[PDB]
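S.K.: The structure that follows is given in the form of structure tokens.
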Amino acid sequence: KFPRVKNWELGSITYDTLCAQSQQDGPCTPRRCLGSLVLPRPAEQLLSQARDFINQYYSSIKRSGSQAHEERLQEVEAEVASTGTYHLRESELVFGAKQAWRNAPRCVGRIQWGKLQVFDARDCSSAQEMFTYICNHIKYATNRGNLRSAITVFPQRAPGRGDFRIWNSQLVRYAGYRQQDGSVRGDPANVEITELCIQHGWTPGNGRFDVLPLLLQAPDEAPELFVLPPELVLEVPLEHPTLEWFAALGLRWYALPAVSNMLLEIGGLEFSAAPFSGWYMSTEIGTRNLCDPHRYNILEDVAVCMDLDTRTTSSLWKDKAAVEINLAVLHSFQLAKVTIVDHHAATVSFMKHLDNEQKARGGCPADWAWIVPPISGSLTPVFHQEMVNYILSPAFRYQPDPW
Amino acid sequence: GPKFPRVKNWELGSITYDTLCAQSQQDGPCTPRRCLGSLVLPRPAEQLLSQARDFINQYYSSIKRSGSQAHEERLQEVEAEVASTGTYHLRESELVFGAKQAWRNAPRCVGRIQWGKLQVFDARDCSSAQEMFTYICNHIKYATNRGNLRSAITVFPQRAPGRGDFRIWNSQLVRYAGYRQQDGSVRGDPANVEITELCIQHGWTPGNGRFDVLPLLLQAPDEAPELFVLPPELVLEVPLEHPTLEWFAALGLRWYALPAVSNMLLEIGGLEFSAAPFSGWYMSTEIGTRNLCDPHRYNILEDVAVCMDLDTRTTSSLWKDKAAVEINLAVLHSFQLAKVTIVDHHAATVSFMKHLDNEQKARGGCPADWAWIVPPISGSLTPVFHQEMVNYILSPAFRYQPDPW
Ligand code: HEM
Ligand code: HEM
Ligand SMILES: Cc1cc(N)nc(CCCCCO[C@H]2CNC[C@H]2Cc2cc(C)cc(N)n2)c1
Ligand SMILES: Cc1cc(N)nc(CCCCCO[C@H]2CNC[C@H]2Cc2cc(C)cc(N)n2)c1
Ligand SMILES: C[C@H](O)[C@H](O)[C@H]1CNC2=NC(N)=NC(=O)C2=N1
Ligand SMILES: C[C@H](O)[C@H](O)[C@H]1CNC2=NC(N)=NC(=O)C2=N1
Ligand SMILES: [Zn+2]
């Protein structure tokens with residue numbers, strides 16, 4: 001039965017028919033819903049995924065049933081039957097990468113999905129060459145603050161051998177130095193990767209915002225360490241439009257959000273290294289990165305500085321400090337002329353995206369818990385919107401850590 | 001290791017496994033193909049007996065008498081009663097247990113740390129609309145307790161074969177009128193437009209304010225509903241002021257003290273209680289964020305922002321966030337000053353975390369609807385945002401039911 005999907009603010013209703021196109025199970029069953037969980041719980045198979053994807057591609061260019069379409073299916077079929085695998089043409093890769101983003105249920109920025117620079121790095125044969133491609137990506141995507149969405153696709157997994165992998169979870173990560181007294185200096189999210197870096201020969205610093213080097217891995221080789229050139233890593237000092245002492249906090253964040261640990265799956269083929277980047281929504285930095293108790297955890301420091309009544313929850317000191325921190329992020333990025341979007345503008349765009357996709361494809365997979373921002377949830381339109389979550393391919397997926 | 005859902009807390013790094021979900025006898029809306037967890041309304045013969053037996057087993061387990069002679073005798077009693085009459089009836093102590101369990105089982109309620117403290121008024125003798133009203137007034141008086149609020153439920157007679165239901169037509173015991181205007185807008189609470197118009201159709205003379213308390217429309221078996229005005233002195237309200245913004249008081253906003261849901265069905269051992277209103281106390285975000293700030297509710301965000309002199313022309317000033325915070329603070333401050341029980345969303349969610357731990361030990365899990373548990377402002381500032389949750393239907397349960405009209 002195709003789900004009825006309701007918007008409770010507007011009273012409008014849609015039916016999701018796109019979900020019938022899902023060929024991949026999620027974690028929920030009729031007995032229990034596991035929608036809030038962060039992590040998920042032969043040749044004929046490759047052949048049907050490949051054919052389905054080639055069909056998707058030729059349909060997108062309006063060329064279903066054409067000579068080119070029939071001949072491409074034969075090529076794919078021939079290659080799989082002989083070798084157990086196949087290869088994508090660059091145009092198919094570009095279409096596949098955009099579709100993977102379009103299909104990502106946890107992404108509120110999908111209004112932008114058709115605007116993605118795709119770097120084909122499948123001719124990469126060494127960690128050294130990976131570093132070169134990553135530097136070109138960062139340079140292109142950063143664009144002096146006028147951020148442009150981009151993906152670089154390194155060579156696919158092959159049955160015979162180890163994967164190409166970028167060990168770091170993002171291309172830009174701040175060190176987290178664990179103390180002998182358990183506590184952390186820097187970003188506690190990055191304790192493990194920091195220690196892997198030191199262990200692979202990196203000389204650590206001792207600051208709160210030390211940019212990590214990249215550990216890059218070519219198949220069946222020890223990862224290699226590469227320091228990013230400082231001028232490639234654009235950063236924004238954080239200050240507040242009216243609170244003078246805020247800048248004295250010595251806070252900063254990086255411009256470029258680039259996820260580097262996810263697997264890109266297109267037509268059954270798997271790209272274990274395919275880092276992608278857009279621009280930040282302010283709550284990612286202002287709310288999560290800076291205010292999570294297990295991240296930089298600055299709420300109390302800011303509250304004290306604001307002279308708020310910390311003695312009690314009902315003064316709403318946490319809520320007040322968080323708002324000001326989010327404002328400082330927005331102010332500071334605007335001042336530095338670095339692309340950023342606030343959570344109201346981003347969720348308004350997502351509502352438009354939902355409407356675009358309803359008309360174009362008859363639905364849109366969306367993970368409500370991820371779409372709704374971590375402050376002011378019900379003040380955004382997406383809170384009042386019912387959403388259907390399911391897996392379509394092409395897809396970005398999680399994968400095991402390479403160590 | 002375990003073949004039960006693994007549940008992680010990402011703030012603390014701690015892991016549990018929910019084994020309680022094995023006890024679910026009712027399907028929700030999700031399938032392996034697609035998750036429908038965000039939907040608001042998720043899409044008897046020997047059937048009664050097996051539900052009845054399961055509930056009786058639950059009762060005797062809770063008093064540690066499973067397998068006992070008293071347990072086996074009650075089972076026989078129930079099947080005998082069903083055998084001859086088609087239905088059965090609960091002992092008083094069974095109703096009390098069943099009502100607390102239904103609250104304990106409610107995935108959408110963040111206040112469940114309180115589940116063991118519920119005053120259960122047994123109104124299964126009620127035989128008229130007038131008597132329903134007396135019971136409800138008594139419930140309201142007891143629950144409100146001059147501002148020192150106490151959780152209560154009043155249970156009216158169960159649904160019976162081929163006989164009409166007891167129903168309360170209003171969705172809550174206290175509701176503000178919503179009057180549709182000529183221009184298409186609403187004065188009062190747009191949530192209550194339909195029930196307002198139904199009160200008018202049934203003979204209520206409407207006011208014209210923003211906070212007019214509605215009458216109750218009460219229905220006894222196979223009769224037209226009857227209209228009852230709540231004595232104004234029974235309905236405690238709190239005028240809203242702000243601790244530092246002196247003009248906020250001039251806005252004339254207010255809310256009532258007692259949150260009392262009256263349109264849900266209480267199901268216990270297959271028996272169905274179609275009128276069983278229950279009340280607690282408010283979490284401040286229900287009033288200050290949803291009721292006052294929803295675009296389709298009182299919608300006051302812009303008015304407050306304008307008074308605070310914020311830049312309302314651009315999303316990036318965070319004018320909405322700043323105004324909502326102050327409205328929420330006004331709610332807490334005003335209830336505190338008025339000595340009326342209220343709980344903020346930080347304190348509520350902290351206590352729900354304690355509840356989750358209690359239930360892990362007591363029952364091996366706790367059904368919880370993440371979208372409902374996470375507060376509508378400051379989500380990730382609260383510990384529940386970082387907590388994975390497993391949602392499933394246990395019985396006894398509170399359920400939605402069709403509107404009487
Ligand atoms: C255009 C700028 C973009 C904005 C404002 C945006 C917005 C977001 C936000 C707010 C999240 C949640 C992040 C978190 O909570 O940590 C997210 C996640 C995601 N986004 Fe987008 N996004 C953008 C570009 C992209 C691009 C270019 C791709 C792929 C090519 C993408 C794919 C994803 C994926 C796969 C996730 C989930 C990541 C994970 O699960 O760890 N995003 N995005
Ligand atoms: C003791 C103080 C209590 C607090 C602070 C509390 C808190 C809450 C909150 C914040 C919600 C979400 C409501 C919304 O978003 O509109 C809720 C829903 C719910 N609560 Fe509790 N609660 C309390 C007592 C109770 C009692 C006594 C019962 C039943 C005996 C109960 C059963 C429920 C049910 C069934 C829902 C879902 C309502 C619906 O789906 O319409 N609560 N409660
Ligand atoms: C493209 C893009 C745009 C934008 N605005 N922001 C980003 C950054 C997304 C960062 C997401 C990282 O998620 C981690 C940390 N919190 C939840 C967790 C989920 C997860 C788990 C795993 C194993 C991998 C992964 N990528 N993500 C990327
Ligand atoms: C006991 C209690 C404590 C407390 N703090 N707050 C309350 C009030 C809960 C009111 C819940 C109302 O929910 C309505 C309005 N928004 C979603 C919708 C869900 C719903 C639908 C239907 C058909 C019935 C119903 N009871 N609830 C009750
Ligand atoms: C347990 C819960 O699912 C996690 O805390 C989720 C909640 N929602 C979330 N939403 C987003 N956008 N990013 C997150 O990391 C995130 N964490
Ligand atoms: C579409 C979405 O499920 C609704 O807007 C939900 C989200 N979470 C919610 N949570 C709570 N506590 N009450 C709600 O009314 C509510 N509405
Ligand atoms: Zn689900």
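Residues are named by chain letter and number: chains run A, B, ... in the order of the structure tokens, numbers start at 1 in each chain, and ligands are numbered from 1 in the order shown.
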Write out as a ChimeraX atom specification each polymer residue whose atoms come within 7 Å of range 393-402 of chain A, counting only C-alpha atoms; drop sequence neighbours fewer than 6 positions from it.
M.R.: /A:96,99-100,103-104,167,262-267
S.K.: Can those selected residues be exported to a file as a compact mmCIF listing (two decimals), in the first residue's frame so that it contains N, CA, C and O atoms?
M.R.:
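The new file selection_31.txt reads:
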# COMPACT_ATOMS: atom_id res chain seq x y z
N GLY A 96 25.12 9.04 -12.05
CA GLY A 96 25.02 8.20 -10.86
C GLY A 96 25.33 8.95 -9.59
O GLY A 96 24.65 8.77 -8.56
N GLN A 99 22.49 11.27 -8.64
CA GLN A 99 21.33 10.48 -8.23
C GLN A 99 21.52 9.98 -6.80
O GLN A 99 20.58 10.01 -6.00
N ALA A 100 22.75 9.57 -6.46
CA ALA A 100 23.08 9.15 -5.08
C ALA A 100 22.80 10.25 -4.05
O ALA A 100 22.25 9.98 -2.97
N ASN A 103 19.13 10.87 -3.78
CA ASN A 103 18.49 9.78 -3.08
C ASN A 103 18.80 9.74 -1.59
O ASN A 103 18.17 8.99 -0.89
N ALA A 104 19.76 10.54 -1.11
CA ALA A 104 20.24 10.51 0.29
C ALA A 104 19.18 11.03 1.31
O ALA A 104 18.97 12.23 1.43
N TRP A 167 41.08 7.31 5.20
CA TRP A 167 40.80 6.90 6.58
C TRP A 167 40.04 7.94 7.36
O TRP A 167 39.20 7.59 8.19
N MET A 262 32.34 7.50 3.24
CA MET A 262 31.15 6.82 2.72
C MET A 262 31.39 6.15 1.38
O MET A 262 32.23 6.60 0.59
N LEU A 263 30.66 5.07 1.14
CA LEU A 263 30.82 4.28 -0.08
C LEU A 263 29.74 4.75 -1.04
O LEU A 263 28.57 4.91 -0.65
N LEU A 264 30.14 5.00 -2.29
CA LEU A 264 29.17 5.34 -3.32
C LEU A 264 28.86 4.11 -4.17
O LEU A 264 29.76 3.53 -4.77
N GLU A 265 27.59 3.72 -4.22
CA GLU A 265 27.17 2.53 -4.98
C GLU A 265 26.39 2.98 -6.20
O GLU A 265 25.39 3.68 -6.06
N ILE A 266 26.87 2.61 -7.39
CA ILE A 266 26.19 2.93 -8.63
C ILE A 266 26.14 1.65 -9.46
O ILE A 266 27.19 1.10 -9.81
N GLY A 267 24.93 1.20 -9.77
CA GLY A 267 24.72 0.03 -10.62
C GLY A 267 25.40 -1.22 -10.12
O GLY A 267 25.90 -2.01 -10.90
S.K.: Against ligand 7, which residues of chain B fall within 8 Å? For each one I want the closest pair of atoms and the distance in Å (one decimal), counting only C-alpha atoms and all ligand atoms, rows by chain and increasing residue number, as a Markdown table.
M.R.:
| residue | atom | partner | partner_atom_place_in_ligand_line | distance |
| --- | --- | --- | --- | --- |
| B:29 | CA | ligand 7 | 1 (Zn) | 7.4 |
| B:30 | CA | ligand 7 | 1 (Zn) | 4.8 |
| B:31 | CA | ligand 7 | 1 (Zn) | 7.2 |
| B:34 | CA | ligand 7 | 1 (Zn) | 7.0 |
| B:35 | CA | ligand 7 | 1 (Zn) | 3.7 |
| B:36 | CA | ligand 7 | 1 (Zn) | 5.2 |
| B:37 | CA | ligand 7 | 1 (Zn) | 4.4 |
| B:38 | CA | ligand 7 | 1 (Zn) | 7.9 |
| B:391 | CA | ligand 7 | 1 (Zn) | 7.9 |
S.K.: Using only C-alpha atoms, select each residue of chain B with any atom at most 7 Å away from an atom of chain A, and give the selection as an MDAnalysis selection string.
M.R.: chainID B and resid 11 24 26:39 295:296 315:316 318 321:322 325 329 332 344 346:347 370:371 376:380 388:392
S.K.: Restrict the selected residues to N, CA and C atoms and save them as a compact mmCIF listing (two decimals), in the first residue's frame.
M.R.:
# COMPACT_ATOMS: atom_id res chain seq x y z
N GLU B 11 25.72 10.16 23.09
CA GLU B 11 26.38 11.07 24.03
C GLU B 11 27.32 10.29 24.96
N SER B 24 5.34 -7.38 21.92
CA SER B 24 4.38 -6.68 21.06
C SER B 24 3.49 -7.67 20.31
N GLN B 26 0.94 -6.26 18.41
CA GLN B 26 0.29 -5.40 17.44
C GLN B 26 1.30 -4.71 16.53
N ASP B 27 1.05 -4.79 15.22
CA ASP B 27 1.90 -4.18 14.21
C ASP B 27 1.74 -2.67 14.13
N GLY B 28 2.85 -1.98 13.89
CA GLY B 28 2.85 -0.55 13.57
C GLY B 28 2.85 -0.34 12.06
N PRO B 29 3.19 0.87 11.60
CA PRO B 29 3.08 1.19 10.17
C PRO B 29 4.31 0.86 9.30
N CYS B 30 5.44 0.49 9.90
CA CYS B 30 6.70 0.30 9.14
C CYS B 30 6.82 -1.10 8.56
N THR B 31 7.62 -1.23 7.50
CA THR B 31 7.99 -2.53 6.92
C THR B 31 9.48 -2.45 6.56
N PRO B 32 10.12 -3.60 6.24
CA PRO B 32 11.51 -3.56 5.74
C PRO B 32 11.73 -2.59 4.58
N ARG B 33 10.74 -2.46 3.69
CA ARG B 33 10.83 -1.53 2.53
C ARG B 33 10.86 -0.05 2.90
N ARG B 34 10.04 0.36 3.87
CA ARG B 34 9.95 1.78 4.22
C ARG B 34 9.49 2.06 5.64
N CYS B 35 10.16 3.05 6.24
CA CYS B 35 9.85 3.52 7.55
C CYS B 35 8.78 4.63 7.53
N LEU B 36 7.78 4.47 8.38
CA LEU B 36 6.64 5.38 8.45
C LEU B 36 6.53 5.90 9.87
N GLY B 37 7.66 5.86 10.58
CA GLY B 37 7.74 6.34 11.97
C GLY B 37 7.33 7.78 12.19
N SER B 38 7.43 8.61 11.16
CA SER B 38 7.06 10.03 11.31
C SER B 38 5.56 10.32 11.13
N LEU B 39 4.75 9.32 10.78
CA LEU B 39 3.32 9.57 10.61
C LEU B 39 2.64 9.82 11.95
N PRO B 295 2.46 27.87 13.29
CA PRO B 295 1.80 28.75 12.32
C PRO B 295 0.29 28.51 12.26
N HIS B 296 -0.13 27.28 12.53
CA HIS B 296 -1.54 26.89 12.45
C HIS B 296 -2.19 26.88 13.82
N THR B 315 15.68 35.50 7.59
CA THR B 315 15.77 34.28 8.39
C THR B 315 17.05 34.26 9.23
N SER B 316 18.14 34.79 8.68
CA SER B 316 19.45 34.67 9.33
C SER B 316 19.70 35.54 10.58
N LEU B 318 17.87 34.97 13.07
CA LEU B 318 17.35 34.02 14.06
C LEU B 318 16.28 34.64 14.96
N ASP B 321 13.95 32.05 16.50
CA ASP B 321 14.55 31.32 17.61
C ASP B 321 14.57 32.18 18.88
N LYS B 322 14.96 33.44 18.74
CA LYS B 322 15.03 34.36 19.88
C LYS B 322 13.65 34.60 20.50
N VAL B 325 12.33 31.36 22.34
CA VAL B 325 12.98 31.21 23.63
C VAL B 325 12.29 32.09 24.69
N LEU B 329 10.32 31.05 28.03
CA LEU B 329 10.71 31.56 29.35
C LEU B 329 9.51 32.21 30.07
N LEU B 332 7.31 29.42 31.59
CA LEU B 332 7.89 28.89 32.83
C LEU B 332 7.79 29.88 33.98
N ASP B 344 10.05 22.15 32.65
CA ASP B 344 10.75 22.56 31.44
C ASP B 344 11.26 21.35 30.66
N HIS B 346 14.23 20.63 29.53
CA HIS B 346 15.49 20.03 30.03
C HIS B 346 15.24 19.06 31.16
N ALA B 347 14.48 19.50 32.16
CA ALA B 347 14.20 18.67 33.32
C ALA B 347 13.35 17.46 32.93
N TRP B 370 10.70 8.54 18.98
CA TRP B 370 11.76 9.55 19.03
C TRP B 370 11.29 10.92 18.60
N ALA B 371 10.53 10.98 17.51
CA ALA B 371 10.02 12.28 17.00
C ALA B 371 9.16 13.05 18.01
N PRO B 376 10.35 20.27 20.82
CA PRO B 376 10.28 21.02 19.56
C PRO B 376 11.19 22.26 19.49
N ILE B 377 11.81 22.64 20.59
CA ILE B 377 12.94 23.61 20.53
C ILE B 377 14.13 22.94 21.20
N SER B 378 15.33 23.37 20.83
CA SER B 378 16.56 22.94 21.50
C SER B 378 16.79 21.42 21.54
N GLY B 379 16.22 20.72 20.56
CA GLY B 379 16.35 19.27 20.47
C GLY B 379 17.66 18.65 20.95
N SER B 380 18.75 18.95 20.28
CA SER B 380 20.03 18.32 20.62
C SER B 380 20.69 18.85 21.90
N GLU B 388 19.12 6.56 20.93
CA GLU B 388 18.33 5.71 20.04
C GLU B 388 17.14 5.11 20.79
N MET B 389 16.02 4.92 20.08
CA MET B 389 14.79 4.48 20.70
C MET B 389 14.10 3.48 19.77
N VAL B 390 13.37 2.54 20.37
CA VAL B 390 12.68 1.46 19.64
C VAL B 390 11.20 1.71 19.89
N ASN B 391 10.42 1.82 18.82
CA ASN B 391 9.00 2.10 18.96
C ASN B 391 8.15 0.87 18.58
N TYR B 392 7.22 0.50 19.47
CA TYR B 392 6.37 -0.68 19.31
C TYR B 392 5.16 -0.55 20.22
S.K.: Please determine, counting only C-alpha atoms and all ligand atoms, which residue among B:161, B:44, B:365, B:277 has the shortest atom-to-atom distance to ligand 2.
M.R.: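 Closest to ligand 2, using only C-alpha atoms and all ligand atoms: B:277.
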S.K.: Identify all residues of range 150-295 of chain B in alpha helix (DSSP H) (DSSP on the backbone) and supply them as a list in words.
M.R.: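 These are the residues in question: residues 193, 194, 195, 196, 197, 198, 199, 200, 201, 284, 285, 292 and 293 of chain B.
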S.K.: Okay, now the selection with C-alpha atoms, as a short mmCIF file (atom, residue, chain, number, x, y, z; two decimals), in the first residue's frame?
M.R.:
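As a result, part-v2.cif now contains:
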data_model
loop_
_atom_site.label_atom_id
_atom_site.label_comp_id
_atom_site.auth_asym_id
_atom_site.auth_seq_id
_atom_site.Cartn_x
_atom_site.Cartn_y
_atom_site.Cartn_z
CA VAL B 193 -12.67 25.31 14.99
CA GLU B 194 -14.63 22.08 14.41
CA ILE B 195 -15.47 21.43 18.10
CA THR B 196 -16.38 25.13 18.51
CA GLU B 197 -18.85 24.95 15.62
CA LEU B 198 -20.26 21.68 17.04
CA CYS B 199 -20.86 23.35 20.42
CA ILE B 200 -22.69 26.19 18.60
CA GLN B 201 -24.78 23.69 16.58
CA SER B 284 6.51 24.17 29.00
CA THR B 285 7.32 23.66 25.29
CA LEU B 292 1.55 29.67 20.96
CA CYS B 293 4.06 29.54 18.05
#
